[PDB]
Amino acid sequence: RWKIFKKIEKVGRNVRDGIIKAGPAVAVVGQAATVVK
């Protein structure tokens, strides 16, 4: 109702903004690898 919403909403823009702003390799590799395997 609020927790999940605010959470997913925040985290959603957080990651994106973080990856777009700078664009680290750890997060990308990790996330991708985790999502793939």
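Coordinates for the structure precede this section.
Here the residue numbering is sequential from 1 along each chain as its sequence is written and may not follow the entry numbering; residues with no coordinates are omitted from view. Working from all heavy atoms in the structure, the side-chain values ignore hydrogens and water.

Considering the overall build of the chain
Helix and strand content of the chain: two helices and zero strands. Based on the C-alpha atoms only, the size of the chain along its principal axes is roughly 30 × 25 × 10 Å. The rule is simple: take the accessible area with a 1.4 Å probe, protein chains only, and divide by the maximum for that residue type; under 20% is buried, over 50% is exposed, in between is partly exposed. Sorting the 37 residues of the chain into buried and exposed places 0% on the buried side. Secondary structure elements follow DSSP: runs of H or I of four or more residues count as helices, runs of E of two or more count as strands, with numbering from the N terminus.

What to know about the packing of aromatic side chains
Two aromatic rings, drawn from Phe, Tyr or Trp (for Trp, its six-membered ring), form a pair once their centres lie within 6.5 Å of each other, and the interplanar angle then sorts them: stacked below 30 degrees, edge-to-face above 60, tilted otherwise. Applying the stated criterion across every chain yields a total of zero aromatic pairs. The positively charged end of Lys6 is found above the aromatic ring belonging to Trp2, 4.7 Å away from the centroid. Look at NZ for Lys and CZ for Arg. If either is within 6 Å of the ring centre and within 35 degrees of the ring normal, a charge sits over the ring.

Details of the environment of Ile19
Within the secondary structure layout, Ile19 lies in helix α1 (residues 3-21). Since its relative accessible area comes to 32%, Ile19 is described here as partly exposed. Taking the C-alpha atoms as reference points, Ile19 and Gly30, eleven residues apart in sequence, are found 13 Å from one another. Whether two residues are in contact is decided by their heavy atoms, any of which lying within 4.5 Å being enough. Filtering out sequence-adjacent residues up to four positions away, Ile19 remains in contact with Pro24 and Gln31.

Points about the pattern of salt bridges
In what follows, salt bridge is the name for a side-chain nitrogen of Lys or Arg lying within 4 Å of a carboxyl oxygen of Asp or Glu. Under the defined criterion, the tally for this structure stands at one salt bridge. A salt bridge links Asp17 to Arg13; the shortest N-O distance between them is 3.1 Å. Remark: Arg13 and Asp17 occur in helix α1; sequence separation between them is four residues, near one turn of the helix.

Re α1
The end-to-end C-alpha separation of α1 is 26 Å, in line with the 27 Å expected for 19 residues at 1.5 Å each. Buried residues are scarce in α1, accounting for zero of its 19 residues. In the segment just after α1, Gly23 is the residue with positive phi, at about 100°. Helices are assigned an expected span. That span is 1.5 Å times one less than the residue count.

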